[PDB]
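Take a look at the structure set out below.
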Amino acid sequence: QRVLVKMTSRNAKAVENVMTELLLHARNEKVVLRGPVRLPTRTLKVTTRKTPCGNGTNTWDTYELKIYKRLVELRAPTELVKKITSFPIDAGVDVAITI
Amino acid sequence: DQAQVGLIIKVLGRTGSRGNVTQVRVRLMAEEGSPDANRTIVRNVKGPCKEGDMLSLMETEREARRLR
Amino acid sequence: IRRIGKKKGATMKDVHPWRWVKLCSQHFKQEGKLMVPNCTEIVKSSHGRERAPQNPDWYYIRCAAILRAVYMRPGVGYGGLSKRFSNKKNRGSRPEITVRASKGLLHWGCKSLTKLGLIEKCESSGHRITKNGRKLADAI
Amino acid sequence: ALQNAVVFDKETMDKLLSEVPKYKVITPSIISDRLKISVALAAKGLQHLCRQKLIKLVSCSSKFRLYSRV
Amino acid sequence: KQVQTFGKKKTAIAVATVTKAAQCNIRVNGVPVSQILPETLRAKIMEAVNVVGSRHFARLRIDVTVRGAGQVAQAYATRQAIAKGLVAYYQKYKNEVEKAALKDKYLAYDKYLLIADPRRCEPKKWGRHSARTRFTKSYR
Amino acid sequence: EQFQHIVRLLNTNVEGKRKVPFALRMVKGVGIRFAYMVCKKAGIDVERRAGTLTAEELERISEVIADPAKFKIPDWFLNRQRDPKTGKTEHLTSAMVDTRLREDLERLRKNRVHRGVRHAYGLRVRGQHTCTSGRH
Amino acid sequence: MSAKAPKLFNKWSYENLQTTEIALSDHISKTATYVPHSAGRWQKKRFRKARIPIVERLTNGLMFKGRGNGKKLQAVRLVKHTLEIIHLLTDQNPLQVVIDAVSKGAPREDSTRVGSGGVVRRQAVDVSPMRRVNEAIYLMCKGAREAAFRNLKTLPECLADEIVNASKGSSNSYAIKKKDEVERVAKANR
RNA sequence: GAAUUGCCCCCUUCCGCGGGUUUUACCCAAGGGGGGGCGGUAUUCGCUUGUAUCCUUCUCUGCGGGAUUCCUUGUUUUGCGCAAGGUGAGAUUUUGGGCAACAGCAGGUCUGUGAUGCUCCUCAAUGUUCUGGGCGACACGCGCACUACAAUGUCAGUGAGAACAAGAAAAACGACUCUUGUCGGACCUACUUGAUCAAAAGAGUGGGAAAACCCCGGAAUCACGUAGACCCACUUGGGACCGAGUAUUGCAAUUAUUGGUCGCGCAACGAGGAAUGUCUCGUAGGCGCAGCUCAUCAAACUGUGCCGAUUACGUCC
Numbered sequence: 005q006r007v008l009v010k011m012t013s014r015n016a017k018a019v020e021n022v023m024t025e026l027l028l029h030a031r032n033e034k035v036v037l038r039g040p041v042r043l044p045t046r047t048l049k050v051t052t053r054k055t056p057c058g059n060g061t062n063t064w065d066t067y068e069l070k071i072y073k074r075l076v077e078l079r080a081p082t083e084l085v086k087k088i089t090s091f092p093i094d095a096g097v098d099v100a101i102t103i
Numbered sequence: 087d088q089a090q091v092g093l094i095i096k097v098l099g100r101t102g103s104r105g106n107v108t109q110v111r112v113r114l115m116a117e118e119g120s121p122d123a124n125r126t127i128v129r130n131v132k133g134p135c136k137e138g139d140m141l142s143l144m145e146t147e148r149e150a151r152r153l154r
Numbered sequence: 042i043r044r045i046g047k048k049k050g051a052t053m054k055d056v057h058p059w060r061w062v063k064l065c066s067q068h069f070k071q072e073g074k075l076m077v078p079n080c081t082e083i084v085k086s087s088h089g090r091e092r093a094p095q096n097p098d099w100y101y102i103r104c105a106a107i108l109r110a111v112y113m114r115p116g117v118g119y120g121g122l123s124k125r126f127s128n129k130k131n132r133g134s135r136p137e138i139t140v141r142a143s144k145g146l147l148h149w150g151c152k153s154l155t156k157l158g159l160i161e162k163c164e165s166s167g168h169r170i171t172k173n174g175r176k177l178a179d180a181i
Numbered sequence: 007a008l009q010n011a012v013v014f015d016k017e018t019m020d021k022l023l024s025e026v027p028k029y030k031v032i033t034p035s036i037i038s039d040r041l042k043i044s045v046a047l048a049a050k051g052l053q054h055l056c057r058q059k060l061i062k063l064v065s066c067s068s069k070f071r072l073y074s075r076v
Numbered sequence: 024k025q026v027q028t029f030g031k032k033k034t035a036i037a038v039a040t041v042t043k044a045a046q047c048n049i050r051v052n053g054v055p056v057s058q059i060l061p062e063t064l065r066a067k068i069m070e071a072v073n074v075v076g077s078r079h080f081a082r083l084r085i086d087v088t089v090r091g092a093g094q095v096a097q098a099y100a101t102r103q104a105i106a107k108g109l110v111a112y113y114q115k116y117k118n119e120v121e122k123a124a125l126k127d128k129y130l131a132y133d134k135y136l137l138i139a140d141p142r143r144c145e146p147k148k149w150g151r152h153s154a155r156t157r158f159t160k161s162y163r
Numbered sequence: 007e008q009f010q011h012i013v014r015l016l017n018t019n020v021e022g023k024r025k026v027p028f029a030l031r032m033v034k035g036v037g038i039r040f041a042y043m044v045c046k047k048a049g050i051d052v053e054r055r056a057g058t059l060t061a062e063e064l065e066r067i068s069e070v071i072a073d074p075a076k077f078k079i080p081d082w083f084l085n086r087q088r089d090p091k092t093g094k095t096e097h098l099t100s101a102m103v104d105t106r107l108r109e110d111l112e113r114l115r116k117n118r119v120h121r122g123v124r125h126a127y128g129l130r131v132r133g134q135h136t137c138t139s140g141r142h
Numbered sequence: 072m073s074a075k076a077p078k079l080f081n082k083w084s085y086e087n088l089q090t091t092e093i094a095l096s097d098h099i100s101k102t103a104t105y106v107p108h109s110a111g112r113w114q115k116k117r118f119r120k121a122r123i124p125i126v127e128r129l130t131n132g133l134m135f136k137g138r139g140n141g142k143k144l145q146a147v148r149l150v151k152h153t154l155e156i157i158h159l160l161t162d163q164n165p166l167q168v169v170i171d172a173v174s175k176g177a178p179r180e181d182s183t184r185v186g187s188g189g190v191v192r193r194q195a196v197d198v199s200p201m202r203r204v205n206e207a208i209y210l211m212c213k214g215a216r217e218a219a220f221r222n223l224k225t226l227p228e229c230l231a232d233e234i235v236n237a238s239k240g241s242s243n244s245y246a247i248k249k250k251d252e253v254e255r256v257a258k259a260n261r
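Protein chains in written order, with the numbering used here: chain A, 5 to 103; chain B, 87 to 154; chain C, 42 to 181; chain D, 7 to 76; chain E, 24 to 163; chain F, 7 to 142; chain G, 72 to 261.
Printed below as a string of structure tokens:
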């Protein structure tokens with residue numbers, strides 16, 4: 005492995021606060037940053053009939069979720085990673101998968 | 087076979103009973119100013135029409151409504 | 042390596058290797074004449090004889106895209122499952138022959154399982170398609 | 007009797023090598039119009055006239071083949 | 024000296040490259056352009072070279088990589104990629120004069136050079152068997 | 007010289023079709039049997055039916071249909087394998103297609119097993135549905 | 072060059088080419104492309120579908136029905152053989168034939184309905200140029216399809232037969248009958 | 001480093017002479033001379049064939065750019081606008097969706113719900129019953145609705161070879177071994193073997209929690225200068241029914257569950273009456289794949305892609 009921080013979320017304008025600002029700490033602030041960035045957004049798509057009984061003209065609804073995914077890289081910091089990560093914990097339903 | 091032509095100088099109306107046909111206004115070109123004198127006539131035509139197109143007539147002395 | 046994708050690579054470039062594979066026999070042409078890998082028939086098993094054009098492909102292709110082996114190869118098999126029981130239609134392919142072919146090509150063709158191709162027999166029989174056939178007459 | 011035939015025969019190969027190479031357009035089909043032989047063995051038949059150059063070719067084709075006079 | 028370009032048609036994107044060898048000739052994929060088995064498609068891909076002279080404007084060496092649609096669409100993609108390349112190479116390594124000339128001959132012809140083509144395909148919808156067919160049922 | 011017209015291969019008339027396997031279909035007999043022409047001692051294809059009992063002789067073919075366990079021995083290729091009144095059989099007929107069949111029918115009829123009940127009434131005996139098709 | 076000005080069907084020449092009728096001169100195009108396969112978008116506006124080369128109005132006009140149909144590429148390949156037949160038959164360039172066989176393939180007068188009263192009454196009504204073109208294409212192609220169903224065995228041939236028997240004025244073709252009957256109706260509904 | 005080891009030159013110009021020339025001018029054949037291209041800092045080829053260096057055209061994605069403008073001075077009333085052309089990636093609701101007022105129907109649903117009023121039933125129950133067996137949209141002269149496959153020679157049918165698509169799908173279930181509070185396996189798929197002899201099956205190993213594995217996603221339609229078979233016949237067109245053998249799924253496949261090869265085809269059906277369905281451009285039609293349901297089985301439904309037209313762009317009958 006290397007140090008790979010991934011960020012996943014259910015909406016945009018959530019990810020951007022975490023990534024695109026508040027990984028500031030590793031950016032130009034103290035140490036090197038190699039920044040790759042963002043990945044295929046996936047769609048989770050659940051088609052569902054609209055009538056609670058059997059009648060009608062056979063209408064439907066389609067519902068959707070969006071996933072959002074991000075990814076950034078650091079070249080062996082030796083427990084500066086503690087600092088860098090911990091400052092943004094922010095926004096409900098953003099999760100942070102550090103490797 | 088005798089095939090007389092003529093030019094579509096303008097259009098008049100689109101007049102049919104389902105839009106099937108259309109009226110148009112013809113300048114004969116077999117007009118010689120003397121034993122053919124027609125000036126401008128009108129005929130019924132069929133399918134899409136546009137000014138400056140030419141059409142083919144094997145008959146003349148029939149107007150596009152008559153008295154019938 | 043250059044196998045399949047050199048000069049032509051239609052029928053012309055397969056006929057010459059088949060011709061080669063005969064003559065000096067160096068390759069198994071195992072019993073089982075009865076075997077249908079592309080299906081659908083109510084008629085005799087293969088008209089042009091299945092074994093005859095089958096052999097070249099399973100070194101050619103395998104050294105073109107390199108380490109395409111066993112179940113990879115069935116993908117360029119064909120079929121519709123044309124007669125079905127007033128059902129629609131599918132793809133299908135029967136895989137087995139590829140394995141016994143690649144064994145009967147392991148005398149000349151495949152260098153190893155791990156890497157593939159010798160000095161390329163068909164880089165040679167390929168290069169005489171510009172030049173010579175085995176005959177020329179009226180409609181070639 | 008035989009609307010179309012399988013036969014190798016006298017009159018087959020006779021009529022072939024006289025009437026056929028004279029014709030301006032030659033197809034395997036039109037020999038079957040003479041109520042004589044198929045459009046099957048016709049094809050192959052023509053190919054050994056064309057070898058001996060009684061007739062000439064116009065297109066290399068598959069199923070669609072034709073020939074002309076030499 | 025190089026340039027790169029892309030032609031496109033439907034989903035299929037085809038990339039391309041132009042480099043100078045001025046006694047050498049054009050291929051697509053690995054197969055050379057004279058050998059590309061459907062006759063009609065073969066014709067089409069040549070019309071980027073027959074329009075705009077011969078080897079007079081283009082004895083350069085060109086190779087393309089087509090990805091992502093079936094045979095027909097691959098053809099049209101190719102044409103665009105070739106022609107784009109020719110143009111672009113002229114712009115960079117030569118004057119604006121002779122460049123503009125090439126353009127006039129393309130656009131004249133029925134190719135219409137920048138035929139990028141916005142048509143794709145519109146979606147299946149819930150009340151239909153795809154995009155304006157609906158369903159059939161009795162007693163309307 | 008002389009062409010075919012109404013040959014026999016069972017004392018049963020057989021068209022002189024100009025490819026060999028397709029004539030034999032009449033004898034029942036179907037395409038993915040015949041292609042044993044290799045082992046049948048006339049290896050011919052692309053050859054008329056009319057050339058019989060010459061040096062592409064008739065009883066060659068005929069014998070290989072009678073006993074196919076000496077011209078090569080695979081099953082999965084035989085009408086009846088593992089008979090349920092004898093140990094094993096090969097079976098390639100007529101004449102016994104309308105006898106052997108009929109006997110299976112009769113057997114089931116007797117002891118009244120379900121397959122045999124349904125077939126006396128002429129109803130479908132496999133999976134099958136009725137009440138919309140088949141309608142006579 | 073021998074490329075830049077030359078445009079040929081596969082060797083057949085557009086260089087000296089005429090339409091015998093002034094009526095359908097501008098509604099029968101002049102081909103100037105190699106092969107009869109092209110994009111679309113000529114049905115995107117009311118008149119643009121007669122600025123398209125005539126060999127495509129043949130190719131596309133021969134594909135109808137499902138059966139397993141291979142559509143475009145298929146059609147082209149048959150047209151090729153057809154033209155070849157024509158050339159050695161009448162000893163004339165193919166393209167010229169076609170561009171005449173069109174013109175005579177379709178009536179100049181027609182019969183339609185002004186009637187009412189629960190019954191019809193029909194007058195004689197002339198036919199615009201655009202019609203005559205399209206009608207001719209149609210009926211020739213139809214004659215082929217029918218003729219080739221189980222009669223002959225030939226795969227192009229009866230195509231060529233319609234075209235040739237059209238251009239000369241013969242009643243052996245499909246189209247020329249159609250024309251005759253339609254005018255023997257129209258002109259006598261007056 | 002490895003491999004093939006070969007192409008089954010061109011342009012421009014001047015002069016001469018013999019023909020064709022009406023003297024002449026003009027023109028064709030043949031030949032010679034001069035000028036200019038040119039093998040350019042390049043024979044060609046490796047998604048396992050490896051060293052070094054550099055880049056972001058093609059990919060991915062969040063937030064943003066991107067036209068009733070311009071002209072025809074046409075048409076129109078100066079107005080609202082309209083038609084043709086131009087500009088352009090795109091030209092008029094740019095294209096396809098989702099959303100959608102007021103007033104209602106005694107439409108459907110008490111078989112969606114710890115959504116329910118009043119009633120019925122309650123210990124030999126109309127409850128519970130994951131209990132054993134049967135029945136269920138399944139049982140068979142017959143009518144009707146929707147679907148799929150055909151009557152073949154416009155790929156048309158059994159055989160062969162070539163190229164080639166994108167949305168999408170998979171991960172946790174108290175048992176197990178780990179220490180002191182947690183690893184692995186129950187889901188996909190590759191390769192290899194089985195295969196010194198059918199399919200279907202069997203077995204061992206490895207990867208992937210998904211833009212890493214499967215995957216360079218080798219779809220089918222399709223293409224063929226493949227000298228392929230076939231030949232107009234209910235035929236090798238179509239299969240419906242029907243018998244035998246075998247393996248897998250599952251606690252249980254008998255009323256055949258699903259595959260997979262032999263026989264049955266001599267069972268229908270040869271373009272279809274009255275009548276009738278919905279469609280205007282990447283559309284109609286043809287063709288295939290995935291998701292859905294879920295031990296097992298899709299001619300259905302939902303979604304994505306490929307091949308891709310004819311006619312009209314009008315009226316009120």
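Beta carbons: idealized from backbone N, C-alpha and C, even for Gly.
Residues of chain D whose Cβ lies closer than 7 Å to the Cβ of C/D179 are, in chain order, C56 and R57. Proximity of chain C to F/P27 at the Cβ level (cut-off 8 Å) is accounted for by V84 and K85, in chain order. For E/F29, the uninterrupted beta strand (DSSP E) run begins and ends at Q25 to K32, by DSSP. Under the DSSP assignment, E/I68 falls in the alpha helix (DSSP H) whose first and last residues are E62 to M69. Contacts between C/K63 and chain F, judged by CB atoms closer than 8 Å, are missing: the closest CB pair is about 17 Å apart. Relative to C/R114, the option among C/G133, C/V62, C/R125 and C/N173 whose CA is nearest is C/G133. Assignment of G/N205 by DSSP, reduced to helix, strand and coil, places it in the helix class. For the pair D/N10 and E/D140, the Cα-to-Cα distance works out to about 54 Å. Contact annotation: A/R79 and A/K10 have beta-carbon atoms that are not nearer than 8 Å. Within the stretch 33-52 of chain F, the residues whose Cβ lies closer than 7 Å to some Cβ of chain C are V36, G37, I38, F40, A41 and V44, listed in chain order. DSSP places C/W99 in the uninterrupted alpha helix (DSSP H) bounded by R92 to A105. Within its own chain, no residue has a Cβ closer than 7 Å to the Cβ of F/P80 once the five positions on either side in sequence are excluded. One thing to note: G/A177 has its Cβ no nearer than 8 Å to the Cβ of G/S238. Nearest Cα to C/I138 within the set C/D55, C/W61 and C/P78: C/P78. Residue state for D/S24 is assigned as helix, using DSSP reduced to three classes. Secondary structure note for B/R113: its beta strand (DSSP E) is the uninterrupted segment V107 to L114. Residue-level contact by beta carbon holds for G/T225 and chain D, with a gap shorter than 8 Å.
C/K74 has a beta carbon lying within less than 8 Å of a beta carbon in chain F.
Cβ proximity to chain B below 9 Å picks out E92, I93, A94, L95, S96, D97, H98, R117 and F118 from the stretch 92-120 of chain G. The C-beta of E/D127 comes no closer than 8 Å to any C-beta of chain G.
Close CB contacts of E/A44 within its chain, under the 8 Å cut and outside five residues either way in sequence, are with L83 and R84 (chain order). Residues of chain E with a Cβ closer than 8 Å to the Cβ of G/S73 are, in chain order, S77.
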